[PDB]
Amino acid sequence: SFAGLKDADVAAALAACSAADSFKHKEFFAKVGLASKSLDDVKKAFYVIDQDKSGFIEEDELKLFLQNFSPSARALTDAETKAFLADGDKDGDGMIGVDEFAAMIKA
């Protein structure tokens, strides 16, 4: 479950990436329903994912990305984590900021 999203969508999205290395963030964003949320709602999601409230989603939080949807969900592999980072880190500082997060989700 995730605030603002349908439990059925979140559960199906988690099932869709059950296999190691099958996680594709853009497919996950669409399946879970975040890609269809308003920009304002996408920003809310960001602050939840930013676990230590540093203002940025760092690699360690990216690795445990799925835990925000279910505490028992698997960690992303180092390969999945790095691809996630490479796709969203538009300014090259090694982390994902709120605007980068929103850009990655809204096409």
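Between two forms, the rigid core is defined as the largest C-alpha subset superposing within 1.5 Å. When you see a residue number, it is the position in the sequence shown, counting from 1.
Asker: Overlaying the structures in 5 other deposited structures of this protein on the rigid core, point out which of 97-105 and 1-9 has the bigger RMS C-alpha shift.
Answerer: Taking the RMS over all superposed structures in 5 other deposited structures of this protein, 1-9 lies farther out.
Asker: Read off the CA B-factors in the entry, average them over 29-37 and over 42-50, and name the higher stretch.
Answerer: Taking the mean C-alpha B-factor of 29-37 and of 42-50, the larger value falls to 29-37.
Asker: Looking at 10, 96, 16, 86, which one carries the largest C-alpha B-factor according to the PDB entry?
Answerer: Max CA B-factor in the entry, restricted to 10, 96, 16, 86: 86.
Asker: Looking at the C-alpha B-factor of residue 61, is it in the lowest, middle or highest third of its chain?
Answerer: Its C-alpha B-factor belongs to the middle third of this chain's values.
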